[PDB]
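Residue numbers (our numbering): 827 to 917. Ideal Cβ placement from N, Cα and C applies to all residues, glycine included. This report refers to the structure that appears directly beneath it.
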């Protein structure tokens, strides 16, 4: 455990209820990632299945319009995880 966390949570393309995001992988070897998303009033969820290693972008579906969701993206190492890297935006 104890691994750095991704950075610069960016957004690729954005759909009326889906949202693509792009980050800068942490500074340590990893074999997976976690990505949650939040909204005012409802608790976070996780992008499933967990992203693959080597990818610096993920899409998030199942959102709501006119709503800026807050994403928490983490680095994994065999279910093990690092600190989060968050960023929010609207669909």
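Q) To which residues of the same chain is residue 906 closer than 7 Å at the C-beta, ignoring the five residues directly before and after it? A) 827
Q) Of the choices 899, 829 and 837, whose alpha-carbon is the least far from that of residue 878? A) 899
**Q.** residue 858 beta carbon less than 8 Å from that of residue 876
**A.** In this structure, residue 876 sits near residue 858, with a CB-CB distance shorter than 8 Å.
Q) With distances taken between CB atoms, is the gap from residue 888 to residue 835 smaller than 8 Å? A) no
Q. Where does residue 850 sit, in a helix, a strand or coil, going by DSSP?
A. For residue 850, the secondary structure class from DSSP, reduced to helix, strand or coil, is strand.
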